[PDB]
Structures are given as C-alpha cells and as structure tokens.
DNA sequence: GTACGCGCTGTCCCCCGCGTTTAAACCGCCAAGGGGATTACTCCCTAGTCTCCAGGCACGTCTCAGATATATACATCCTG
DNA sequence: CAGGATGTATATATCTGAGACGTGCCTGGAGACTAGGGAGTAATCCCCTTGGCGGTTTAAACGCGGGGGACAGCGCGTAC
Ligand SMILES: [Zn+2]
C-alpha cells in the first residue's frame, strides 16, 4: 500500500509520440524519472530567489522565463522559451 | 535621508573589543565581515531546510541545526561550536 | 608587423599532432523544434 | 616456434574490449567487507540495505575511471607512456581535491 | 572600462554602468587570472622546463573542467 | 558469539588485476608498479568522506539501517549527483 | 594612433605583471594571445547574466549587486562589494 | 459540470495539477501565480521529449528493440549543448564513450 | 575567384574557389587535384594557419593572393 | 610573566600596569594578554 | 626488448637596459534621465465545499525480448 | 618487400522465460464553483550621479638591440 507518485506514465506517453514502436527497460525508466525530479527543483529554487530579490511575493511566468534563460545553455534556451510562450498564450485564450 | 538599511556592524564591533580591546577596524573590513556573516547564516539555514523536508516534519528545531552544522564545518570547528551552542542553550532554558 | 615567418619556423620545430572538434550538431538546433 | 605477441599489444585489445561493456569491475564481497570495515569507527553496530552498497560501488568506480583518464593526459604531457604517482598527485591537486 | 562597454554592446545597447560595479568586474576578473597562471606554472614545471607555453594553459584548463 | 568480527586489512581485498581492469577502461597503455598503493589510499579517503555523512543522516533520523536515499543525498551534497537509485 | 579595439588595451607588460604575482619566471612569446582570448570568454560568461538580471528587474543600469549575484552563480563568490 | 484537465486546456501531457500542488508545498514562495505551472510543465515536456528522441535513434543504430542505460549515456555524451547541462551527473550502468588517444597507436 | 597555393616543394597551384568556400573544401580540392589528403595539409596566409570551418570571405582574402601550404601529418 | 601574568589566572585580561592606554580593561583572549605584555615591557 | 633515462650540443630567442612617444590621470565643469520615493486602486489568487474520475496496485501473460547455443572472415607475425 | 598460419575475431542457428505490457478496480485528490481583500500596479514627482566635456603632465608604454643560456635532438645504456 502507501501509494507513491511518479512520472512513468507521462514519460511513456511522450515516448510513443516519437518512436511509437520502441520499448523501454525498467531502470531506464527510473533514471528518466530522477532526471525530471532534478531539473524541476534546479529551476524552482532559482526562481524563488529571483523573486525574493526584488521583494515580490508571487511567482509568475515572467521569472520562470528568465530563470530558464539562465540555466539552459544557448540554443535549447532559444527553443524552450518559444515553446513556453506559445503553449501558454493558447491556454489563456481557452480556459 | 530615509529608508534605513541594516547591518551587523554594531555586533562585530562589540565582540571585537572583547578580544583585542585596543584595536581598530577599517570600513572595508567591516563590510567584508558583514557579507561573510550573511553568507554563513544562509548556508546553515538552507541546509536545515532540506533536512526537515526529507523527514517531512514541518518545524525547524534546535536538533536540526545541530546536525546541519556537522555537515558544514570541517572537523575541529564543528566539535567546538556544537559544544558552544549546547551550552548557550542550556543557560537560556533555565534563565528565562 | 605579423611574424608569419617566426610562426612558420615554430610550425617546423614543434610539429606535433593537434586535436579539435569534428561534427556539426545543427540537428539539435533543428529537428528539435519539429520534435 | 611457439607464437608470442608483440610486447604491449594485448593491451590495445584489452582497451577496445572493456571500453564497450558496462558491468562492474570489482567483485562484491570484498568490497562490501571493506565498507562494513570502515563503517564501524563512526557508529559501530550498523546494518545496510543491499542496493546501498551497490550505489557506493557505482560511484567509487565512476570516480576512479575519470581520475585515471586525466592522469593519462598528464603522463603524455611529459612524453612518457607509463604513469607514475607523481602524475596522479598532480591532477589530484590541480582539480583542487587535495588542495 | 572601454573593453566591457564594448562587449556589452551585443546583449543590449544603451546601458549605463554604476561606477563601483566596474570595479567588481575588474577585481574578480583578476583573481581568476592569478590562480590560472599559478596552475600553468605547476604544469610546466612538471615537464622539467622553466618557461610556459600555450599547451600548458590548454592542459590546465582541460583538467580543471572548463574547456571540456 | 553474536557479531562484531572486526576484520582488518581489507584494503588488500583490492587485487592488482582489478585495478588493471579499471585503468584499462580508462585508456592507459603502460603502467608502473607503485600505483597499487596510491589508489589503495586515494579510494579510501574518498570512501571515508561519503560514509561519514551517510551515517550522519540516518543518525539524525535515528534508525540503525542505512538506506540508499541516504547515500544519494550524501553524494549530492558534494556535487556528485547520481541518477538511477530512486532520487 | 587611436584605432584600438579595446581587447588590444591589455598591454603585454600588464600581462607580465599578473604573471609575476602568480609566480612565473620565464614566459614564451605567444601567451600574449591566449590570455587575450581567455579573458574575453570569461567576461561574456558573466556580463550576460548581469544583463539578464537588470532586464528582469526592468531597470536600465547595471547595479553592483547584480554582478555580485552573477558571480555567485558560476561558483565564484566575492566578498566586500556589498551583498 | 463535465470538468476538463488543465493539461488539455493547455494541450499537453504533464500533470499540471500535480505540479501546481508541488510548488505550493515546497516553500518556494508565498503565493503562486496561475500561469507558472503551465509554463514549467511545457518546458519539462519539451526537454524529456528531446532526450528520448535522441536515445531512440541511438539504440536503433545498435539494432535493438528497447532502451537501456548504455544508450542514454551514449546519447547524452555526444550532444554538447546537453552535455554541459549534465556536467556533474553520473548514470549508473553507463560505461564510457569509446575513445583512445592518438599517440598510443602503432606506427601504422 | 582564383588563388595561388605555394607549397614547400616549389609548386604553386591554382584552384577554383569562392570566398564562401571553406578551408575543408579547399583542402578537398587540393586532394582532388593533387591526391594530397586533407588531413595532412595546413594552409597559411595573413600570418595565421587557416581554419577549416571558416570560409575564404571570413579571412578577407583578395584575388591573386598567394597562400602557403605545409604538409603536417597527424596520426601514424 | 611569573608575577603578574601567571598570577593573573582567569579568562580575563584585567592584568594591571602603570601607563598603559588600556587599563583595567578585560579581554577574552589571554594570548592577546601576553602579547600586549611582550609589546610593552620589552 | 623498449621505454626509460642520462648525457652532449648547437642553437636562437627572451631579458635586459636605453631612448622616446604617448595616453592615462586629475581637475574641473555641466545636464539630464532615470532611479527612487509616494498615492489610489482592483482584480486575481487565496480560501472553502462538493464531488468523481484519473491514477496507483495487484494480476497474468506471453512474448519478444532477450538470452543462449552453432557456424565463418581478418589482421598479426612470421617466412622467403 | 611480398605470401602462409594463425588465433582471433565475426556471423547464424537454437531455445527459453523472466517482466514490459496490458488489465481491471478503487479512491482520494483535482476540478467546478463560490467571496475578498491586499500585492501589485499605474501614475506621480524630484534629485543626482553618470555620462560628457576640455588642458595639463608625466610616467608608462614602446621599439631596438644584443647577447647568452634554455632548449629540442640525438645518441646510448638496461632492467622491469
Ligand atoms: Zn597592560
């Protein structure tokens, strides 16, 4: 018992959207789990400070945007920011 | 002339004379000590922050700080400082 | 004002193999978007 | 009559061999013994999960490997082909480890 | 100062530089080079020489974890 | 007789051919003979550092059993994160 | 003689000076290039993030505290200039 | 009635509800905006997609059906822009990149 | 545009090349017209060793220029 | 050192002298005590 | 046996002063724009209920994954 | 300076069976649906400090040369 969370299912889904026909071993799932669990904090912690400096109290997108501009090196930043911008401005249009 | 700032300068100075009661101190060195204190305070705090969440408590206690020291200060300084803090508490307990 | 001759004498003397980058990974700049 | 290979040629095959596989390189039971040995001095009467030891190993090995590689570059810098403790002690200091 | 103002041209134009910050930039940019040269020196010595050549710098950085 | 068979000189449990294997994986060709003690000490220092904090955590959580998470946290604090063990 | 892309502003004797405080004795002829590039690289890697902070704060002038932060980022803390 | 997943309303796959829970309970700030968890989840999804895709080709080029760590290693270490992001991580069961110095080869 | 590639053996060859051609492509042309492998060649002009990734326009080379090629063996 | 310094056993540096700029002033570091003694008495 | 290690050498290429050319400093003057404080407000995110469905757990298989067995090219290291 | 013999490689066949993939079930946490009140937010104004400037002056940079010593090359013994 004592349920645990994970990201397995979502990983598998995303996998199916690129090589729709390729399996994934067990451990190589646990890895890709831990990896997300890492990057998540490595961004959220940074954004926390970044807000705390200018003495705000809320976290919004804008900083997450900046915070990304700091960690991801170069072209990955160029892409990810476009991705975010897009995949939010849609959502706000249709709640 | 408004919007007061803060520092530790007072306390640096006070504890200074308790050791070299004849010595002065420039401004730059004052600022440096200030920054240094700020650094260390944060390090130790942030450490204990995780230490709780791991065991999923919700309040920082002394016991937290105790170990959190043992993970930053190398060797000797740790053994000294833990003694120090242990003492400083005991008194405060009885001496409200 | 450029010591090309001196650097060429150095090329003749040192004369050792050198290592550098090989491939162009522009695909990480490309298909990544189409990913 | 009996065939014997050129000196040092076996290695050139050893490398291309090992740089491919992925499994461990140290037999467990002695390693586990060693760990349990060191552990006593901090708080004797301990008890371990299995995977914990596996982890400890995994890291140790990855460390040593990465260390050797840079040791090698050092050794080349001085136009040798072997290695010597004087080499390790260089990298182990430039890194800032034994700084 | 003329240097940094030049490099700052790209990431944006028409910036202003609070004076003191330039001092910090300078200062930190120097304690870097010092410690660098130090390690280059140890490197070169290890090869039984007395003078330092660019390959020393390159090796030093690589081991340090900057170039690769 | 229950426990505490304190063993000594297990560092010699690291055979020379073992270390040969590692070095090979590293990519070295010719090897001196003194190294077989250099590494025997280097590795020990490395271990000690980790195992200390490893213990420290459990101790704080006051059990008698060193889980894997513990080791993970330790290896992280020193800037050597490790994937694949339930981060 | 005024045409000077500021990178040239790093005079060779200057480099020699730092080299001394390090503790080097002799010096090849080429290093006076390696340094000019290395310093450059190191510089952008910091001025970029400094800029970034200023931007996100909507400001228009590079406060020291920014440069300090950016320096703590790379793993190079710096005492004294405030913080 | 007839509720809809926020992820749908975004058109993604990551549990935006789950994320937005995590931020509140992580002491990351005092109060969380609305748009953030969206933006965050989008970034995460993009990243993991990129890496998985690369690994897929990696393993196929070895002519196998599934994906195992050794692939992931051989996947990351070959793309620098990634490789920097993972300067200090260690993938168990990872091996190394095949590599040999140029000098130690025979004369020809 | 035409260029002159003077070699250490007293031979100075002409190539067909554009300012947008890279030094890797120029070395490929050296291979195709002389059999000299591109991994063995190092071209020199304007006091610098030519970089394969850059083009002729990047070095600001004019017509009728006389470039220098040294045979540098890597490997073996 | 045998008459005033060693007889000054304590965590304080209250040790006395005629003509010192600091006089009857405590100090929590006895090392600095003996240091000041070596400075003054010569 | 080969890789090392020691010694001999024949350089040419940095150090070291010397004139001389200069750009840095400092000193002063000046303008403004942008940063920093102050005000009125609003609308957005927190809180609280009610609910119902996505997600975790336990099974059960079949596979195709993989394993294993078998068999041929090829790259060394010798000979004339 | 080229062939022959070689142990290595490499492939191809068999099973064989643990364990990725579904598959149901059940439920607690995510979502719809409610007010509220303060964090941000425009809007404001008023320094000020940062560029920007124009003379000295002067030490620091610069170019020259010359020479001497560090080095890269080469050769030879050997012991690990
Ligand atoms: Zn006195």
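Laboratory data are not the source of any read-out in this text; all were calculated from the coordinates shown. In this analysis, Cβ positions are derived from the backbone assuming ideal geometry, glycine residues included, and neighbour counts consider all displayed protein chains.
General remarks:
- Among the residues here, residue J:40 does not qualify as within 10 Å of the ligand (Cβ to nearest atom) and over 22 Å from residue B:24 (Cα atoms).
- Looking only at the range G:11-26, and only at residues there that are touching a helix residue (DSSP H, G or I) at 6+ places or on another chain (Cβ under 6 Å), within 12 Å of DNA strand L (Cβ to nearest atom) and within 9 Å of another protein chain (Cβ to nearest Cβ), the one that is farthest from residue E:3 (Cα to Cα): G:24
- Residue match in the range A:57-69 (condition: within 14 Å of DNA strand L (Cβ to nearest atom) and over 30 Å from residue G:50 (Cα atoms)): no
- For the range H:1-95, the helices (runs of 4 or more DSSP H) that sit wholly inside it and include 2 or more residues that are within 15 Å of residue A:10 (Cα to Cα) and more than 7 Å from chain A (Cβ to nearest Cβ) are H:6-10, H:16-25, H:35-61.
- Of the criteria (1) surrounded by 14 or more Cβ atoms within 10 Å (Cβ to Cβ); (2) closer than 22 Å to residue F:69 by Cα, which one residue B:30 fails: (2)
- All positions within the range D:7-16 that are within 12 Å of DNA strand L (Cβ to nearest atom), over 14 Å from residue H:99 (Cβ atoms) and within 11 Å of chain H (Cβ to nearest Cβ): D:8, D:9
- Of the numbered criteria (1) free of Cβ contacts under 8 Å to residues at least 12 places away in the same chain; (2) closer than 27 Å to residue H:97 by Cβ; (3) surrounded by fewer than 17 Cβ atoms within 10 Å (Cβ to Cβ), the one residue D:55 fails is (3).
- Members of the range G:53-83 found to be facing chain E (nearest Cβ under 8 Å) and out of contact with any strand residue (DSSP E or B) (no Cβ under 7 Å at 6 or more places or on another chain), listed by number: G:55, G:63, G:64, G:66, G:67, G:68, G:71, G:76, G:78, G:81
- Just one of (1) away from DNA strand K (no atom under 11 Å from the Cβ); (2) within 24 Å of residue C:14 (Cβ to Cβ); (3) surrounded by 15 or more Cβ atoms within 10 Å (Cβ to Cβ) fails for residue G:37. It is (3).
- Check on residue H:38, buried (at least 19 other Cβ atoms within 10 Å of the Cβ), more than 9 Å from DNA strand L (Cβ to nearest atom) and under 17 Å from the mean Cα position of the chain (by Cα): no
- Qualifying residue in the range G:14-33 (condition: crowded, with 17+ Cβ neighbours inside 10 Å and assigned to a loop (DSSP other than H, G, I, E, B)): yes
- Against the list (1) more than 8 Å from chain E (Cβ to nearest Cβ); (2) touching a strand residue (DSSP E or B) at 6+ places or on another chain (Cβ under 9 Å), the condition residue G:36 fails is (2).
- With respect to the conditions (1) part of a helix (DSSP H, G or I); (2) touching a residue at least 12 places away in the same chain (Cβ under 8 Å), residue J:26 lacks only one, and its number is (1).
- The residues of the range D:30-43 that are surrounded by fewer than 18 Cβ atoms within 10 Å (Cβ to Cβ), at the interface with another protein chain (Cβ under 7 Å from one of its Cβ atoms) and either touching a residue at least 24 places away in the same chain (Cβ under 8 Å) or within 16 Å of residue F:4 (Cβ to Cβ) (or both), listed by number, are D:33, D:37, D:38, D:40, D:42, D:43.
- Tally of residues being part of a loop (DSSP other than H, G, I, E, B) and touching a helix residue (DSSP H, G or I) at 6+ places or on another chain (Cβ under 6 Å) across the range F:52-87: 3
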